[PDB]
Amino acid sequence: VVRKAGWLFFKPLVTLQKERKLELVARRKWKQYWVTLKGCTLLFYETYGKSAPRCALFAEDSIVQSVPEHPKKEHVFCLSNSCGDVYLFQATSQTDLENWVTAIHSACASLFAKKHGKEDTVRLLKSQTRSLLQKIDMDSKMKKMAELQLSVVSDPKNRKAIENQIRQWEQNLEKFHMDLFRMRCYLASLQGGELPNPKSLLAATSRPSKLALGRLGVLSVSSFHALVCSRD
C-alpha cells in the first residue's frame, strides 16, 4: 500500500563509483515527478495518477535531512541511502517536507523492526541506541589504549601496523555514531519529536573523513552517511 504520494522535484547529488569512492553526479538537474512511497520504495512517475514508474529508489536504512540552507530553493530535503548515494528533493511546502521526512523514516523504522523480528518498533530503536552508546564507549577506550601503545613504538612497519588498527577503531566509531543518529531520526519521526541535531553527528567526523568529504565538495550528515556506507 501507499504510505504517501505527491509531486516532488528530484536531483541526484552523490554516487559511489568503482573503487568505492564518492563523486558528485555529473549532468545533474532538477526534474519533477509524481512520487509514491510503498513499503520502503519510492516510485517515480512522470505523470499524476489516481502507468509504470520511470524509476524506483529503495530507501531501506536511509536517513533524511532537511536542507533549509539551499541557496536557490526552499523546502529542499536530502535522502542518503545505505549504498553511498545521496539525493535531493524539493517538497511543495515546509509542512509537505516534514510529512515526507516522517513518512520515509517511519517506513524505514518499520522495515528495520521487521528484519529484527520485532513488533514494538520504539522499544527496538531505544534498545539499539543504548547498545550503540555502549559500543562507542568501549571502542573509544580501545582506541586510546592502542594509541598509548603506539606512543613507544619506533619500528617503522610495527608503527603503521598499529596505526592501521587505530584507523579501524576510528572508522567503527563513525559508523556507530552514524547508526545512533539514524536510530534517533527514526524514533523522532515515530514520536513526533524534533530530529537529532546534525551538528552533533558532524562533530564525530574524523579528520581524514572531513578531508575526503571536503574533496568531494559536500560536507554534511548526508555525505558523511554516504562515506560510512562506502566502507561497507
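Numbers for residues come from their place in the sequence shown, where the first is 1.
Per the record, residue 50 and residue 51 are separated by 4 to 9 deposited residues that have no coordinates.
When 60-68 is weighed against 39-47, 39-47 comes out higher, by mean CA B-factor as recorded in the entry. Across the two stretches, 164-172 and 24-32, the PDB entry reports the greater mean Cα temperature factor for 24-32. Ranking 105, 118, 143, 135 by Cα temperature factor from the entry places 118 first. Among the modelled residues of its chain, residue 81 has a C-alpha B-factor that falls in the middle third, as given in the PDB entry. Ranked within its chain, residue 199 lands in the middle third, by CA B factor from the PDB record.
Per the deposited record, the Cα B-factor of residue 149 falls in the middle third when ranked against the other modelled residues of its chain. The PDB entry assigns residue 2 a C-alpha temperature factor belonging to the highest third of its chain's modelled residues. For residue 127, the recorded CA B-factor ranks within the middle third of the chain. Only modelled residues enter the ranking.
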